[PDB]
Amino acid sequence: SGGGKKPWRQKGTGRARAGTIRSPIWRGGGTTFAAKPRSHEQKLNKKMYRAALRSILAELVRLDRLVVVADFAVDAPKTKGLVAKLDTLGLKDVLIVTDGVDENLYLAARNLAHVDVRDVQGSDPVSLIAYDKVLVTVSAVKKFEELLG
Amino acid sequence: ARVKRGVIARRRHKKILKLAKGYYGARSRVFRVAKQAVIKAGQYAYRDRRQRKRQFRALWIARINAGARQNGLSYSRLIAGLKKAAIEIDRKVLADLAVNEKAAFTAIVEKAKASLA
RNA sequence: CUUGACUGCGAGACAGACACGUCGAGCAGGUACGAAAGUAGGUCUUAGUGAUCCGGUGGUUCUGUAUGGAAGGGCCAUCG
RNA sequence: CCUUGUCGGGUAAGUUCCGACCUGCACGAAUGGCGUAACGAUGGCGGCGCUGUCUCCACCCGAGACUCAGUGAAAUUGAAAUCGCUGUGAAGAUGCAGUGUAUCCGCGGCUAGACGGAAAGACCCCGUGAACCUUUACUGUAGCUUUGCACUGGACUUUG
RNA sequence: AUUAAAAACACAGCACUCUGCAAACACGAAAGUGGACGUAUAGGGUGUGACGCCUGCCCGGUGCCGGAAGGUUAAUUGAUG
RNA sequence: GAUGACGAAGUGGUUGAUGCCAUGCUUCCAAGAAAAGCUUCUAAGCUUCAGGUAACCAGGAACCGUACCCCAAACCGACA
RNA sequence: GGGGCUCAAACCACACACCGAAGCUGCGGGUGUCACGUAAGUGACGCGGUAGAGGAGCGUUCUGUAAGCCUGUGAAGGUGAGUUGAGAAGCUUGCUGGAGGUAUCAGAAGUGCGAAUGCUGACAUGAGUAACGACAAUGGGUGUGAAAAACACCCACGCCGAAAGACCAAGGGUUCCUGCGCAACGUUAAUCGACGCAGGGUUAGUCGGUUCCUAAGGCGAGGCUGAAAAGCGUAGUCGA
RNA sequence: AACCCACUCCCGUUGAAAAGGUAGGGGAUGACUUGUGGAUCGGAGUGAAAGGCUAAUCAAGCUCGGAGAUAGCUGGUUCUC
RNA sequence: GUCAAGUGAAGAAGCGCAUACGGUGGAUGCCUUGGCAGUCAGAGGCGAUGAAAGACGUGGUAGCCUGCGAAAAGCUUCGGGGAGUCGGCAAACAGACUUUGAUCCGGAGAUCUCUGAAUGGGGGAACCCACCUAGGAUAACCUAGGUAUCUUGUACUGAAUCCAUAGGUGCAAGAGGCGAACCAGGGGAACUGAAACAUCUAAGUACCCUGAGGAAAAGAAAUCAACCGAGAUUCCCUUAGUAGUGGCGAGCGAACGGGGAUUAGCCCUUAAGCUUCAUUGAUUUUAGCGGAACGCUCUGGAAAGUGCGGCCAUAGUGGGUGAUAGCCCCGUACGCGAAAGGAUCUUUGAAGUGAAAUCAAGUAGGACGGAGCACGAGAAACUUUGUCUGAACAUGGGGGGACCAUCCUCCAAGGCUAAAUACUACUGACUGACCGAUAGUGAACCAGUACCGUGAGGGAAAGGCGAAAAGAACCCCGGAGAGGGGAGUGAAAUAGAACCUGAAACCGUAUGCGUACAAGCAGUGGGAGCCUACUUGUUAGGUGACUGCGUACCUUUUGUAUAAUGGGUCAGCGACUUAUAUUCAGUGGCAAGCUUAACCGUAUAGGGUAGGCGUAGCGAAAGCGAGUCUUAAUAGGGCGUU
Numbered sequence: 052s053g054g055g056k057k058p059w060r061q062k063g064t065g066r067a068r069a070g071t072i073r074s075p076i077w078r079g080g081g082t083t084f085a086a087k088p089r090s091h092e093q094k095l096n097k098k099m100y101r102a103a104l105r106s107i108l109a110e111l112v113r114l115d116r117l118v119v120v121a122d123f124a125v126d127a128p129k130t131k132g133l134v135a136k137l138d139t140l141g142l143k144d145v146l147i148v149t150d151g152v153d154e155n156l157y158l159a160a161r162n163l164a165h166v167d168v169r170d171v172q173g174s175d176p177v178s179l180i181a182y183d184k185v186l187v188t189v190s191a192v193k194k195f196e197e198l199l200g
Numbered sequence: 002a003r004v005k006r007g008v009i010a011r012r013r014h015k016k017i018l019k020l021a022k023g024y025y026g027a028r029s030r031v032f033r034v035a036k037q038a039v040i041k042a043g044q045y046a047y048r049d050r051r052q053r054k055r056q057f058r059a060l061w062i063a064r065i066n067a068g069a070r071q072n073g074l075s076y077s078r079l080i081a082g083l084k085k086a087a088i089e090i091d092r093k094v095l096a097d098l099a100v101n102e103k104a105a106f107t108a109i110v111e112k113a114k115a116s117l118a
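These protein sequence lines map, in sequence, to chains E and Q.
Counting in the authors' numbering, the first sequence runs from 52 upward without gaps.
Counting in the authors' numbering, the second sequence runs from 2 upward without gaps.
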């Protein structure tokens, strides 16, 4: 705000040369390459996305980090029930990938601290690499072969 | 990500001011003068790792000159006679024997006079 | 006596920052002279000059804002 | 301009002054020419008085300076353990070389140097900088003016 | 105003020139207003600067004023090719 | 020293303004504010009681500013 | 260059020896390139540098890793010490501090300061120097006080007196008065103050204003005019 | 004399003062000086004219915008090998 | 013993260096009641029923904020809440109020001083003076209403002037002003670029002005296309930096055709729609209610942390609680909830409006002078019009980029229309590889303040004790001071109010060593001596006599110690960014193909291949094509072709 006038005349004052109070050298003044709201979203190709997916499912296989179950279904919307269902599998810090997220399976584990429930479309490279184990159903493995090739 | 540069500027100025301690006045306590004094000390120290090897050689040569003239020989005649012979012995230990072990230096100047140079 | 002060080009060089510039055997088409080999793409040689954009003029196979034409534009030759 | 032209006067001595001369570089008649009493905080010369202007300054009186008590700035400043001379050198040196001098620190003074301090030189140059003034620069425009067409009609006469 | 008080400006007086009134002229896209509730002895512009004696020659340039009417000449006309 | 009561003389002559008479008088050109209050006249009306004019009696005069500085330390000069 | 130099410490020759550089060599490290090498692995030639090109890194803040790990048995910061690297820098610790910090590997930058007569704060030097604001002028006594050249009172001296006196307008806005005070303000000190705190003080028919009236000028119903905004103006009604 | 002015010297120049002081000087019944209120304003006022003045600013005020004008110019540009 | 000569250790007015403690000073770290930027919603105005913005009053203490308005930190009612309260800086203190339900919160009322469009008349804003009607009041007033201007409508009245017109009086209704932006118009620069500059650009931008609305504007073909067709308008991605346009310079820049977001056309033989009412159900909003599950132990001032064992979960990375908490509190997920208002949508009536009358004449067209269309009047179409003119009438008329025929396509001179679109001063929630006190707003704090200006206008600086004031009873020096020395509080007071940490500049005191015969960038190589710690030695730290070499740094230059520039110093800050197009390198994915843009999307996925580039070139082009262009040439030559 402000900064219209020259602060002083340019000669005679014996002082350095300013054209505004709000110059970026000054402490009232502006910042020199002041930010404006930008976007950081970049282009990943569709094939490059799908090919980065096909090589982390491969590493989830090789590192024994992927766990396939026939079906994963909870009965009631209770976090204790889903803790008990994962504790049979010996399984904390897991990404559960089902073919379509049920509301019972979503209401449980949306409080649970290290568990995430996603569908196949809604899975991403960061959540595949992040969780210490990845649980997929057989229908999810069908859906990954449909999507990724 | 605004990053406030006052914590690293301080440690870099402490390093320069620590390298400048012992100096006169503002050479040891204000940064824009201590910095120049530290750089200048570094140039002189580079130059004087060379002139150390120049100055000690001249002192050895002057002491060998003084020791050889007590035995009736110059420096230059002594260095010539120690190569008509073969001594391979340097100005450092000859100056050390000139001060400390005077009978051994007398033996060395007699074996230079023995080669008649 | 006569038009080679030709038309299409052009191997290859010289010069050269670029735009320019310089020389040119040979090939085709037509011609001068010469009985004929041959010479002839101006002048013994190097100065005598001026970019582009605008306009003018003569052609043209081209384009031609629905279509047939024109208008205007394009290319080729030329003038200020 | 030559030029302090020449001649006269004034002075011991006068590039100034006054009176002439006319060879007017380059006066001249309302961008007026010549005179002109009175009037100028007007320009230039000379005189009487008058005197510290001066020879040439002496003394005295207050106010600062100096010391003491209290309060308490400034411009400037790369850091300083901050001499002379002669050289040398971006060509005028406290700092370089050689060589002389020089115990350490104030206070009062004086300003010869620190190319001293103050103002990104005003002169000069330069900028395909600017501003403002001029005109017979270029290009325009306000205003003034000419004609046509409107608003704008009928009636006669001269006339193509 | 704050480095120039003068020989500069002003001035009475003088002359030129414009202006007939809804004035010339000025400020105003205009309405209006000043000139002026004045009216040529008035009002504007310009130059000179009390007074005394005077104020010479030139109308080519440029301006201003008047004059025929010949050439040129704009919009507009729209014959002819 | 603060206060209550008592409290002497308190007159005459001269000189006198830049004050007053005086918004007068004389003179000169440069020819010297408006409007109201005030005095007076009628109009439109009144019924010509209202209104006016004197006397007498009783009553009233709102609001606002007032301290302090003004040849200044209080205003205007950044300052006692 | 100086001291000084005369069968020279000068000059002309010739000889032999020596000194002299970051030059060469020796010895120990690091680095570039090239060739070899089952990639230990050596060799050889290099390695001054401004503008500039190219290559490889350090550190700061944020995000992910991270609901992790560290940390009140003590974080970040600050201040020493030691130590390790070619460097930017790292690591360990004594004291201070008293609540946060971020291995690693990646992502992102308000990413690194000595200069711009750079900005803003603190503080220097000049320097306890110049000044302390008209050269009307002060001297005692007494009191009060913690302390009086400066306050108050007394005695005396000066100064103004067409003002340095009294007053009105404007402008200011409590500065006025009285108690209590003296940090700061007062160019010194202050017990004093136009300063701080708290109280009080301004009384109108007649003095000024409002109210009544108008001048310059303003505004102006309607109205004329103007792209709009507006301009000018009649009735009017403000304006000393 | 007041008042208004500002010719001379000296001081002052970090001033007591961003234009003064002290000595002297000019006008001082007028083309005078001054209070209070009002009018004229930025290619625009007013000017007895000097480029004077228009709020310590003037060959085109101040302020805010166009605006971070433009600068073939000057200055600066921050860790390491 | 003496006398000579030689030799020289202490004795510092003051300085220097190191070290240790201080002081100043506020950096740094950490923190936040403040900002900044988005997303999703809201509702898009307030005002003559008096606004925005104020002045003055209003309290037991009474200054300033914040509320209120002479009924003045409040009054009356409904509704919620259920234990404290009498707003804040500002902690205390009085007098009190509350379970017979205060305070507090929401809805509706009541009051609402003066200013300000300010509106009874004036006026220098917050002041001055009025009139009329009604009622009440004893030579004084008081209550409640009115009293502006304009426009429109209406009534009465009526000048010159006969009639009736102007005009005038009274009624009704409406307006005016303010607000950051968005929108439609009127008027409209200059710097700048063109490496000068005039055309041109910047730019129909900035600015000024006028209207309107929650959006506006535009909109239902006298529109485009080429003989095929599409059908209103707006917005977005492309076609494309292409065609054009341009001192053919700087530059400016389409359309056809696609892909989408959106979805509607009704009428002038009277309609959709939109308003305003009354209703019909329904939804939201303005307040709230409930809302799970932890103990023991160690260190500690304090436990949330350590060690162990649990529990809850449609609630686990929220805030703060004496250190880090799902289970301590407020909350959160999740359900419930409204006397009364408001808002949106929906019925089904009603009055209006739309609405200009009846398919468009001073109109189309044209001549001059302009303006726009990307288009600098140009071959210049099409639009608009300042001046002047001026038609046909469905066997008409205008468009298809000069113009003319032929076709194709529409019906101008009357209208009204939702959505997609823009914007955000203002609210609410949520979010951030946003800032964290020189930053972020100018403004974290009583900031548009203080201050500066005559004004317009400019415009600051200033955050942090502690968990809790437990904010230091009492004693002593001192002036019933200031400031300290103790004692207490506290984990800590070198956390003591100027208070977290507490750097550097700068200023001191103490100790060690060196400094008074020595000449200069103040160091560096050598180096004696002395002093401390160690434990001693071929060490570590501190001084550094003496001595060789040695003219700072920057910037600019052919060159600087330069007597050239720049810097007093310190600490903070302060300079290659970002967007969009593109080229090259590196690195990946797919590969004769690759890739999507808007947009759709339970949304970083998937879809969408419109478009872009590549697979073929040559030519100015028609065109022709592994060829093509030039050419009289199957010749030459240019460019191209696993």
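Don't be surprised by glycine CBs; every beta carbon is placed ideally from N, CA and C.
Restricted to the region 65–123 of chain E, the alpha helix (DSSP H) segments that are unbroken, complete and at least 4 residues in length are 97–104 and 108–113, listed in chain order. In this structure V125 of chain E is buried. Its beta-carbon is surrounded by 16 or more other beta-carbon atoms within 10 angstroms.
Ranked by Cα distance from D183 of chain E, the options E:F123, E:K193, E:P58 and E:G141 are led by E:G141.
Judged by beta-carbon spacing, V110 of chain Q lies within the 8 Å limit of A69 of chain Q, meaning their Cβ atoms are closer than that value. DSSP places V185 of chain E in the uninterrupted beta strand (DSSP E) bounded by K184 to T188.
For the set E:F195, E:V185 and E:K194, the Cα lying nearest the Cα of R113 of chain E is the one of E:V185.
Within 10 angstroms of the beta-carbon of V145 of chain E lie 16 or more other beta-carbons, which makes it buried. Secondary structure note for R169 of chain E: its beta strand (DSSP E) is the uninterrupted segment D167 to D170. The beta carbon of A103 of chain E sits closer than 7 Å to the beta carbons of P176 from its chain, once the five residues preceding and following it are set aside; these are given in chain order.
In the DSSP annotation of this structure, the continuous segment of the alpha helix (DSSP H) that includes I180 of chain E starts and ends at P176 to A181. Cβ contact annotation for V189 of chain E (same chain, cutoff 8 Å, sequence separation greater than five): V119, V120, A121 and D122, in chain order. Runs of alpha helix (DSSP H) with 4 or more residues, each lying fully within the region 66–90 of chain Q, are found at 76–85, listed in chain order.
Spanning the alpha carbons of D91 of chain Q and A108 of chain Q requires a straight line of approximately 15 Å. Under the 10 Å beta carbon count, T139 of chain E is surrounded by fewer than 16 other beta carbons and is classified as exposed. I76 of chain E counts as exposed, since fewer than 16 other C-beta atoms from the protein chains shown sit within 10 angstroms of its C-beta.
If you ignore the 5 residues before and after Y24 of chain Q, its C-beta comes within less than 6 Å of the C-beta of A38, all in its own chain and listed in chain order.
For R116 of chain E, the CB contacts under 8 Å within the same chain, skipping 5 residues up- and downstream, are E110, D183, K184 and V185 in chain order.
If you ignore the 5 residues before and after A160 of chain E, its C-beta comes within less than 8 Å of the C-beta of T130, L133, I147, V166, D167 and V168, all in its own chain and listed in chain order. Taken through DSSP and simplified to helix, strand or coil, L199 of chain E comes out as helix. Contact between the region 70–88 of chain Q and the region 44–51 of chain Q is absent, with fewer than three C-beta pairs closer than 8 Å.
Under the 10 Å beta carbon count, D150 of chain E is surrounded by 16 or more other beta carbons and is classified as buried. When secondary structure is reduced to three states using DSSP, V110 of chain Q falls in the helix class. When C-alpha distances from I17 of chain Q are compared across Q:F57, Q:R28 and Q:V4, the shortest belongs to Q:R28.
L163 of chain E sits in coil when the DSSP states are folded into three classes, being neither helix nor strand. Here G26 of chain Q is exposed: its Cβ has fewer than 16 other Cβ atoms, across all protein chains shown, within 10 Å. Beta-bridge partners of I147 of chain E (DSSP): E:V168 and E:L186. Rounded to the nearest angstrom, the gap between the Cα atoms of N96 of chain E and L198 of chain E is 15 Å.
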